[PDB]
Amino acid sequence: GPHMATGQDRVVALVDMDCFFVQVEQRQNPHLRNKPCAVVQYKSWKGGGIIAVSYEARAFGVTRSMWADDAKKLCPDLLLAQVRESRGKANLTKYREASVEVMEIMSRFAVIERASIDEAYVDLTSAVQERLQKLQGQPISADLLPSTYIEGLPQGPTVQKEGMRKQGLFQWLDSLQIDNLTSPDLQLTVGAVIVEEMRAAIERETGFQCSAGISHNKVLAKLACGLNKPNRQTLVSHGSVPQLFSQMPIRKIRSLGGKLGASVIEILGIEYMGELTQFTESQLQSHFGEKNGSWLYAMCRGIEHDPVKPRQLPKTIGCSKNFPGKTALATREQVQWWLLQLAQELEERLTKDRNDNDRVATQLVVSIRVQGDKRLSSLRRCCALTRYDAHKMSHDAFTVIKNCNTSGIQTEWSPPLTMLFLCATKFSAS
DNA sequence: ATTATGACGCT
DNA sequence: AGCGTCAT
Ligand SMILES: Nc1ncnc2c1ncn2[C@H]1C[C@H](O)[C@@H](COP(=O)(O)OP(=O)(O)OP(=O)(O)O)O1
Ligand SMILES: [Ca+2]
């Protein structure tokens, strides 16, 4: 009752760029705009591997992970843009720089947590309070929410998509109590107004479109964001949760898309997030551990407390390359040459980072995969990163992994290496 | 023969 | 520390 938390204390948004690498390439090359297209890395093996796909191309069944030669079978007119190659490897700088463009715009509106290259969480609680003060009891017009969906609406006693969106929005606004500044539904609505403004600024100033979710916590904002893509935003209210979760597969909720989620389904014999409400907190803790159990108990009721962390920059800067099948590195010279290539890219990125962001990395992490090992990484070792110098970093990395070589012949490397990875970590202010 | 990333939890 | 999970 009066002491039961409802997790309605914050307004949190998640902004997620639409088909991001594709939009970066379409801005640069107008011939790719409004076309079925995809971004690919490398070209020699089966036309290259697809890593991003325009919505026009998705309509043909083109997906990430597909080889371009195969995507062409589904969509013969598919256009392609290739990721830059430097030092023998894919180089993602263009997309990292475009990400900074968007993150810097978002930061004007609120504190953001950079979740990935094209996603950021926004804590809008304070911005909403401020805006509510300006409004002064003034109602919110549907015109302020031109791309907003209200999940769950319309409901109760038009056959077109936009028509449905407006119908739901009208029902929501009709029911709002703008008289109460502490109303969580009103707070979410003002949050959505601000996110429309943020999304308009992103598009005006970069050309890029995005989707967004607005709710009371990160997990619901992330879920909301995916409900109406692309180029739309979705508000998930606390009250929408029981219906939304009643048919929502467990794997759709962030963090439950893997083994833990599979175990929840198997152990409890349930399919949907809402079904979790029938277990006590202690029951859930018994199966999934103290932390997970408490998290699940609250989450299935729409409640989550993970904060939006004030962090706009990545905490690590890494470079990696796979050497699949027959290309696995089998000589010491090979291993050394590629460590140098990786280290040269890393040096370039670190030097720019130090100049831009007033920080220096102090730890170098080296990871490798050996042929035969099913795991993505077979071994990881660290050493001090004391100088931004590619020859030094590559020599140091060789030193920490050189004893992994089984070969009795110094010149040969066995078992062959199928992945090299260098990562700079442990930043300190500079 | 997906590949190239990145954050965070466990022990 | 080094490994594993989950995710863009
Ligand atoms: N598995 C991956 N391997 C390499 N790059 C990836 C991978 N997943 C995502 N990316 C890159 C390319 C994407 O354009 C970018 C953002 O990813 P993501 O948000 O999952 O999809 P997207 O932005 O391409 O489409 P959507 O419109 O569905 O969000 O990150
Ligand atoms: Ca995206």
Side-chain angles (χ1 to χ4, degrees), chain A residues 14-22 38-53 63-71 82-96 99 113-121 210 218-219 222 225-226 251-263 288-292 295 306-307 309 311 313-328 342 345-346 349 363 365-369 371 373-384 400-401 404 418-427:
Chain A
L14 182 275
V15 178
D16 190 346
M17 309 302 299
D18 298 326
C19 54
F20 184 51
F21 290 15
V22 164
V39 172
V40 287
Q41 47 193 10
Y42 310 113
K43 205 78 180 66
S44 303
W45 186 265
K46 294 182 178 181
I50 292 173
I51 60 170
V53 188
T63 62
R64 173 172 301 131
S65 95
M66 194 168 267
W67 299 115
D69 284 353
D70 297 332
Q82 289 180 248
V83 174
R84 175 186 175 196
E85 280 183 55
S86 300
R87 291 183 246 264
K89 65 180 294 302
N91 187 298
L92 307 175
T93 300
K94 187 195 304 185
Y95 315 105
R96 292 195 186 96
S99 175
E113 179 184 340
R114 180 201 197 267
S116 73
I117 199 159
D118 83 327
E119 296 190 11
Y121 295 93
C210 62
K218 291 163 75 177
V219 165
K222 174 60 183 312
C225 186
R251 65 178 178 274
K252 301 303 183 175
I253 279 55
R254 196 198 84 201
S255 89
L256 299 182
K259 292 177 182 188
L260 172 59
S263 73
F288 311 113
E290 186 183 320
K291 189 172 167 179
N292 281 336
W295 183 86
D306 186 37
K309 298 166 184 55
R311 182 189 77 247
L313 302 172
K315 296 186 168 187
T316 59
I317 296 181
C319 298
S320 68
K321 186 166 174 54
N322 290 358
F323 302 95
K326 183 173 173 296
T327 77
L342 286 177
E345 181 184 325
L346 188 59
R349 289 162 60 188
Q363 188 177 72
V365 176
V366 187
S367 180
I368 66 178
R369 193 183 186 188
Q371 199 161 50
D373 190 329
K374 181 180 179 300
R375 301 170 299 171
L376 281 66
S377 165
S378 302
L379 176 137
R380 204 212 71 164
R381 294 288 187 268
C382 65
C383 62
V400 304
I401 70 161
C404 298
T418 55
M419 182 274 292
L420 297 177
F421 184 17
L422 299 179
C423 188
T425 71
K426 301 202 180 309
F427 287 92

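Sequence lines set the chain letters: A, B, ... in the order given, protein chains first and strands last, and positions in each chain run from 1.
In summary, the side chains of A:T425 and A:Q363 do present a donor paired with an acceptor at a separation below 3.5 Å, with no hydrogens or angles considered.
Atom NZ in A:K291 sits about 5 Å away from atom P in B:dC10, given to the nearest Å. One atom, CG of A:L379, and another, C1' of C:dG2, lie 9 Å apart when rounded to the nearest Å. In this structure, the NZ atom of A:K315 is 15 Å from the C1' atom of C:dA7, given to the nearest Å. One atom, CZ of A:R369, and another, P of C:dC3, lie 14 Å apart when rounded to the nearest Å. Atom pair A:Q82:CD and B:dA4:P shows a separation of 14 Å (rounding to whole Å applied). Rounded to whole Å, atom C1' of B:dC8 lies 11 Å from atom CD of A:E113. A:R254 has its CZ atom 13 Å from the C1' atom of C:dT5, to the nearest Å. The nearest whole Å value for the distance from the CD1 atom in A:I51 to the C1' atom in B:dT2 is 10 Å.
Heavy atoms of A:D118 sit under 4.0 angstrom from primed sugar atoms or phosphate atoms, though from no base atom. Within 4.0 Å (heavy atoms only), A:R375 reaches sugar-phosphate atoms of the nucleic acid but no base atom. Using a 4.0 Å heavy-atom cutoff across all strands shown, A:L256 reaches sugar-phosphate atoms only and no base atom. Counting non-hydrogen atoms under 4.0 angstrom, A:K326 reaches nothing in the nucleic acid. Among the atoms of the strands shown, base atoms are found under 4.0 Å from some heavy atom of A:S65. Nucleic acid contact for A:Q41: base, since at least one base atom lies under 4.0 Å from a heavy atom of the residue. Within 4.0 Å (heavy atoms only), A:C423 reaches no atom of the nucleic acid at all. Counting non-hydrogen atoms under 4.0 angstrom, A:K321 reaches the backbone sugars and phosphates but no base. A:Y42 comes within 4.0 angstrom of sugar-phosphate atoms only, judged by non-hydrogen atoms across all strands, and of no base. Residue contacts for A:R96: at a heavy-atom cut-off of 4.0 Å it reaches the sugar-phosphate backbone alone, with no base atom in range.
Contact annotation: the side chain of A:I50 never approaches that of A:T63 to less than 4.5 Å [non-hydrogen atoms, C-beta and beyond]. Between A:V53 and A:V22 there is no side-chain heavy-atom pair separated by less than 4.5 Å.
Contact annotation: A:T316 reaches the phosphate of B:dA7 (side-chain N/O to OP1 or OP2, under 4.0 Å). Residue A:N322 places none of its side-chain N or O atoms closer than 4.0 Å to OP1 or OP2 of B:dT2. For A:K222, a side-chain nitrogen or oxygen approaches OP1 or OP2 of C:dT8 to under 4.0 Å. Contact between the side-chain N/O atoms of A:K259 and the OP1/OP2 oxygens of C:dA7 is not found at any separation under 4.0 Å.
Ring orientation note: the planes of A:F21 and A:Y95 are close to parallel, at an angle under 30° on the 30°/60° scale.
Considering only the side chain of A:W45, B:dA1 comes nearest among C:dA1, B:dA7, B:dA1. For A:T327, taking side-chain heavy atoms from C-beta onward, the closest of the listed nucleotides B:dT5, C:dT5, B:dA1 is B:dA1. Distances were taken from every side-chain heavy atom of A:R64 (C-beta onward) to each of B:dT3, C:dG2, B:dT2; the shortest belongs to B:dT2. Here the side chain of A:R311 is nearest to one of B:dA7, B:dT2, B:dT3, namely B:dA7. Comparing B:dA1, B:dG6, C:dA1 by their nearest atom to the side chain of A:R349 picks out B:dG6.
The backbone N or O of A:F323 sits nowhere less than 3.5 Å from a side-chain atom of A:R369 that would complete a donor-acceptor pair. Between the side chain of A:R311 and the main chain of A:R114, a donor-acceptor pair closer than 3.5 Å is present.
If A:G325 and A:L92 are placed on DNA chain B by their nearest nucleotide, the residue sitting closer to the 5' end is A:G325. Comparing A:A115 and A:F323 by the nucleotide of DNA chain B that holds the closest heavy atom to each, the one mapping nearer the 5' end is A:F323.
The number of heavy-atom neighbours closer than 6.0 Å to CZ of A:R96, taken from other residues, nucleotides and ligands shown, is above 12.
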